[PDB]
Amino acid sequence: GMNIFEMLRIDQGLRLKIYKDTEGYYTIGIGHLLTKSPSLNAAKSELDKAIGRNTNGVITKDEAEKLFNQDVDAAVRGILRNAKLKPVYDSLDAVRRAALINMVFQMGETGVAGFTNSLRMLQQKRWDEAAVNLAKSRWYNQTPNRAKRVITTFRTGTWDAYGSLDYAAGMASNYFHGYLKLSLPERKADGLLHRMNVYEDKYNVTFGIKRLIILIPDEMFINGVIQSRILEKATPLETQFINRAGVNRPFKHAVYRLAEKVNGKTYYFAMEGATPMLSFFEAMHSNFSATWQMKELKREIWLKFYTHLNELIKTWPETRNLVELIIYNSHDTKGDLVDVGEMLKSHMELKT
């Protein structure tokens, strides 16, 4: 997944070979200082003594990880001893503490202690106020890319600002950029709401909610189709064509309708299963044999996919009010398969 190592590999960068930092000092891995000597062989001697073998200037990714956590433990020790930094650290969460270790590695302890007013707002949990003040910082001007991510990590307490670099978040990002953000927002005279308005006027029907509903069950659909006792498949929305990767690509959204009246109305729904999860389920079934180890990993990817997808949809105004994510267990507590048509009927009743 995502942790402090992957975060600082983004902001600082990883080097499996010896390099020089901004002050010309020999360094390796993620900002692990070897020596202040201009001698390259003296830097190799310290590198060999730190790992236990004559690496001759090249180390493994695992060895670079075992150097980095030592520097994290050593940086925490100094943070706890520094009187200007320990009260902010003690009241911060681990994700925000990891963000607090981030600027420590970049500018040092004295530089982080310079932001006396921003640390005091983080200590008081005023996440929005210290986000605005770090934007005005000189550290923001020198590194505009890195300042935003540490700010958002302090403001949200999540790994959102570091994009999609693991398997789960990347499935949501490709889902988002390649389909949701691409085809649903109104662009030119076309878009999701436009297609639904043309659909409602053509068939004289009413959509229960004017959003694309995405089903994210923990298990793929039985027989690969949406199984329901009161929901039937209807004519899809008119296909919209969008140039994508050299193809005038057709994008189609399926439409289903309740076979039973709710409040005297037949409700339609533009909806679909979360097909990335289906492609993930299919890929996993071909490589692994459904052990308890895989079920935990599948559910872990399953949850992270929804959380990152829901975060991407909310942060972008073009898609904030266009998608409805429904994540659920395919079986109820009694063990029976959940009827998505019943879920939609109940949702329509709970507001009308």
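Don't overthink the numbering: it's just position in the shown sequence, from 1.
Comparing 90 to 98 with 211 to 219, the stretch with the higher mean C-alpha B-factor in the PDB entry is 90 to 98.
Higher mean CA temperature factor between 75 to 83 and 266 to 274: 75 to 83, per the PDB entry. Comparing the C-alpha B-factors of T239, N197, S183, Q142 in the entry, the top value falls on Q142.
Sorting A43, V58, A283, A290 by the CA temperature factor given in the entry leaves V58 at the top. Sort the chain's modelled residues by C-alpha temperature factor and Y203 lands in the lowest third, per the entry. The deposited CA B-factor of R126 belongs to the highest third of values across its chain.
Sort the modelled residues of the chain by CA B factor and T35 lands in the middle third.
Per the PDB record, residue ranking by Cα B-factor puts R53 in the highest third of the chain.
The entry lists a Cα temperature factor for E109 that places it in the highest third of the chain's modelled residues.
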